[PDB]
Amino acid sequence: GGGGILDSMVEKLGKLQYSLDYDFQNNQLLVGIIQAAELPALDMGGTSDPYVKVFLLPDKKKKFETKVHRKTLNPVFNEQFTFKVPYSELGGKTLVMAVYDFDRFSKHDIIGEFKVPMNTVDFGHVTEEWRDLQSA
């Protein structure tokens, strides 16, 4: 501080709105990747090409991904994903949502991410919230 304290604050890397609900009838976790807001601008007044990867840890299965939305810092994804996992095995896992900037010719930069531990989720009601993207 003062600079040290400022440096510790959460950087403005945008926010993601998502929903989550466990379907006890079909025994699957339903995830809605709704929209992102205020993604950071690129240099020289440019915008990113955001998409979201959605997956469970420690599961090593291939991560799900939304479609890529071109040149926008405020994408509306409106996509749903399903994870076939019996409830009893869900409490030890962690749902990860990570927003990337698509590029055809170079490694895709990560914009930010956040994690939702299953043991923190309120099972029985649909979850819906905005989460600030965390650095790496």
Side-chain angles (χ1 to χ4, degrees):
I5 302 303
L6 292 173
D7 196 38
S8 76
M9 301 191 176
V10 178
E11 293 162 322
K12 298 179 179 299
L13 304 180
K15 305 177 172 57
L16 185 71
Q17 192 187 34
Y18 77 95
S19 56
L20 187 62
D21 193 25
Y22 191 82
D23 176 352
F24 288 98
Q25 318 309 349
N26 293 301
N27 305 121
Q28 58 194 12
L29 179 68
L30 310 178
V31 181
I33 301 301
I34 308 161
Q35 61 180 324
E38 300 166 18
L39 299 176
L42 302 180
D43 296 16
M44 299 304 299
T47 62
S48 50
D49 307 297
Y51 68 100
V52 188
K53 296 189 189 182
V54 191
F55 55 100
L56 289 173
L57 294 178
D59 304 17
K60 62 72 176 182
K61 301 293 181 178
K62 185 172 64 179
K63 306 177 177 184
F64 299 133
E65 298 187 348
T66 65
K67 299 181 180 303
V68 175
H69 288 251
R70 303 290 187 160
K71 289 75 77 163
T72 176
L73 302 180
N74 296 283
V76 170
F77 300 104
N78 280 353
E79 289 190 45
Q80 181 174 177
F81 300 94
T82 301
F83 296 88
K84 295 181 60 182
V85 179
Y87 172 87
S88 61
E89 301 175 3
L90 198 59
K93 304 181 183 301
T94 297
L95 180 65
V96 185
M97 285 162 282
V99 188
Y100 286 82
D101 181 1
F102 175 86
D103 192 81
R104 185 76 65 183
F105 308 106
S106 300
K107 63 92 83 302
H108 308 169
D109 295 346
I110 188 168
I111 298 175
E113 60 78 40
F114 65 96
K115 306 185 180 66
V116 180
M118 290 288 86
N119 67 16
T120 68
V121 178
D122 188 19
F123 283 97
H125 304 90
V126 181
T127 297
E128 176 191 313
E129 65 169 344
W130 284 96
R131 287 284 285 276
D132 295 70
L133 299 181
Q134 303 289 317
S135 173

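Numbering of residues begins at 1 and proceeds along the displayed sequence. Values below: all heavy atoms of this structure, side chains included; hydrogens, waters and symmetry mates excluded.
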Reported [atom1]-to-[atom2] distance for the pair [X] and [Y], which is rounded to 0.5 angstrom:
X: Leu20; Y: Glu129; atom1: CG; atom2: CD; result: 9.0 Å
X: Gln134; Y: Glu11; atom1: CD; atom2: CD; result: 9.5 Å
X: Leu30; Y: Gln80; atom1: CG; atom2: CD; result: 5.5 Å
X: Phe81; Y: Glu65; atom1: CZ; atom2: CD; result: 8.5 Å
X: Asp49; Y: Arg104; atom1: CG; atom2: CZ; result: 10.0 Å
X: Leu90; Y: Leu56; atom1: CG; atom2: CG; result: 7.0 Å

Is there a donor-acceptor pair closer than 3.5 Å between any side-chain N or O of [X] and the backbone N or O of [Y]?
X: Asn27; Y: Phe24; answer: yes
X: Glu79; Y: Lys67; answer: yes
X: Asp103; Y: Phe105; answer: yes
X: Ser48; Y: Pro50; answer: no
X: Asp23; Y: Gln25; answer: yes

Please examine the side chains of [Y] and [X], heavy atoms only from C-beta on, and report whether any two atoms are closer than 4.5 Å.
X: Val31; Y: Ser19; answer: no
X: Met97; Y: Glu113; answer: no
X: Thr82; Y: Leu29; answer: no
X: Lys115; Y: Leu95; answer: no
X: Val99; Y: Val52; answer: yes

Should [X] and [Y] be regarded as members of a common hydrophobic cluster, given that ILVMFWY residues are connected when their side-chain heavy atoms come within less than 4.5 Å of each other, either directly or indirectly?
X: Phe83; Y: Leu16; result: yes
X: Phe55; Y: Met118; result: no
X: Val121; Y: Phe64; result: yes
X: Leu133; Y: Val68; result: no
X: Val85; Y: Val116; result: yes

What closest approach, in Å, do [X] and [Y] show between heavy atoms, and which atom pair accounts for it?
X: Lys93; Y: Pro58; value: CG-CD, 4.2 Å
X: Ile110; Y: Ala98; value: CD1-CB, 4.3 Å
X: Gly14; Y: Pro40; value: N-CD, 4.4 Å
X: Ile33; Y: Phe77; value: O-CB, 3.4 Å
X: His69; Y: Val76; value: CE1-O, 3.1 Å
X: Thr72; Y: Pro75; value: OG1-N, 3.6 Å

May I have the step-by-step check of side-chain contact (heavy atoms from CB on, under 4.5 Å) for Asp101 and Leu42, ending in yes or no?
CA-CA 10 Å; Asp101 181 1; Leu42 302 180; 3.8 Å; yes

For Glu38 and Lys15, what are the C-alpha separation, side-chain angles and deciding distance, and is it a side-chain contact (heavy atoms from CB on, under 4.5 Å)?
CA-CA 7 Å; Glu38 300 166 18; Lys15 305 177 172 57; 3.8 Å; yes

Pairs flagged by ring-ring contact (aromatic ring centres under 6.0 Å, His included) wherever residues 108-136 is involved - sequence neighbours left out
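As it turns out, the ring-ring contact (aromatic ring centres under 6.0 Å, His included) pairs with a partner in residues 108-136, which skip direct neighbours, are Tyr18-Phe114, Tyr51-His108, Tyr87-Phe123, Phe102-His108.
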
